[PDB]
Structures are given as C-alpha cells and as structure tokens.
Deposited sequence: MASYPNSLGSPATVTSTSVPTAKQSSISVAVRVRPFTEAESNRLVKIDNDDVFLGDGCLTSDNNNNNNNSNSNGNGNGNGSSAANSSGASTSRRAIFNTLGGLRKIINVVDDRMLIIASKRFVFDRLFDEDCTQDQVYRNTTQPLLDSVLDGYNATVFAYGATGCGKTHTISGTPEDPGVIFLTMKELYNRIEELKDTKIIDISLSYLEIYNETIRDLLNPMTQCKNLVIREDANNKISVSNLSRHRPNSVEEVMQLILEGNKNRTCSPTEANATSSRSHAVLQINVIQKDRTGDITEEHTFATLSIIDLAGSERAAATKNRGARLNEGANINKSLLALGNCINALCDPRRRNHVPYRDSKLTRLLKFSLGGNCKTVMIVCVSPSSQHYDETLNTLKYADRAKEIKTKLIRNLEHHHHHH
C-alpha cells in the first residue's frame, strides 16, 4: 500500500513598478524585462533554454478556485477518511508563497478554503457520523520553536521529543478545540498578527519564519454503537521563508542572522529531499540538521503524502534561484510514501 508525492507550480503577475517599465520600455521591442518563463501548456513547462514537466500548472491570471481544485482534493478526501496528507510552499522572496497559502480577507488562500470545505463536509456528514477537530499553530525562527496561540510560553519549554516508536511530539503545545468557523478565523488572524516579520522593508508582508498549521480531525458515532468509528487523521499546511541572497541586502544586522538560519534550514530540507530521492542513500536521511525537517519527518515519506507548491516570478532578474527551485521540485516529485489506516479503540 503506497501513494505518490505531488508537485505543483504557481507564478505571480508583474508588480506595478516592473509592469510600468514593461509597458514603457520593453513593449516597444515586442526594468520591465522580457518574459523568461513563457508557460506553454497546463502540464509541461519551458524556460529560457530547457523544458520540464510538473503537475497542473497555473498562469499569472489563475484563480484561487482553480488551484484549490487542482491541489487540495486528494489531501482533503484522504484526511477526512483517516489516512494523512499535507501541503507545503517553497520558493524565494517575492514569489508569493504567503499569498497563495494564506491570502487576505478579500483574496483568501488555501487555508481558508480548505478548512471551510472541511467544515461544510462536517455539516453534511453530521447526519451520518459526528466529527470533531483540534488545532495547533507554531513558527520556527532562529532554530527556536514558538507558539503563535500561546505566546506567554517561552522557547525554552518548547522542544521536540520522540519515543521508541519514533513519533514526533512537541511538548507544552497549546492544542485548541474550536466550535465554529468564526473562532478559528480569530485564532488564525491572531497567529498571523503575532508572526515574526520584517516591517522595516517596504514589503512588510515579508515572512522571516517557517509557519506550520496542524489540524487534527476525529470521528465518533451518533446513536448507540459501542467503541466504533474513531479514525483520527492529521493535516498540515506549511509556509516556508524565502532564500534571498545577501547580495540583495547590503544592510545587514539581525536580519543577517535570520537569513543565515533560514538558508541553513532550506539547505537541510533540500538535502533531505535529495537523500530520499536517491535509491542508495536510504541508509540514513539527515532529519536532525534543523527543526523544520525534523518536524516534517512523517510528512515527507514516513506514512503520509504531500503537495509541494513551488512559487516563481516572471521577472528576468530572478533566474538562478528559480532554476534551483525547479531542480529541487523535480527530485521532490520522485520520492514515494506509504499510507495505513488508524487505530481502533475497543
């Protein structure tokens, strides 16, 4: 019993500053530079001199409904029916990773839509079986775990541990049991408000911490059945930080340390993906290099499937790290995973 890992690609539309120069300067020939990506079809992809294949790609004019319908349905259906499934974003600064995964109140992202559909499915299946949910929300920053729902707890007490079964479990994690969509919107908004970010730069929406939302779904029978239909499941949405080069930031203070830790974590994730993809490096996968890859131990290839959403840009300046993202996506697509049912209480 095995499943398949999934990879998808998204690209943003030109910003105002670059689009203005594009209409002024470069439009005459056809800094507002030329279109490198030039998406050729829905599934394949072309770049300046090469060609690759990913799954269900999206153009700059794509809509939230299309991406939600093209990435989340297998994960949603599996998670509701036990199993396990996750989604995580990847890319570089300014590629729009926090817009697709979270979104705004007027441009909602994958979290809002997928959790609202979970609530609707719970309402629909209420006549059949009862479903309850629990939630947790954390960030990884400077090699430290922080809770975005209980900020009073210090980073000293937050630590990952595992038993002989090798199951990851965070200590003193604030597990919140909601009752309505308004409550969970309040929790999500407060968590995003308390997220660590760099408002010093003009792009104040720039994230400088890896955000992880985890939602656990449990089921229970209605009328008279005796210790049946528990069937717990877990889903996680992960928003990573960017890999901005130091060349792009002449001024360097604490932002230097933040970027160094972010880049180290991203390198650890890349090494883990490469190790999993390779056949003969399976003797050991270095999960311990960072807290991020340690927390995604089961998500990557343990007992679960995941969707890797890589975000790129059409600006010509963004070439090398986009190619790095493409290569790492290609190897992320080649890793396998297993899937098993849940425990039954008696």
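- Absent C-alpha positions map to the deposited sequence ranges 1-22, 53-100, 417-420, in order along the chain.
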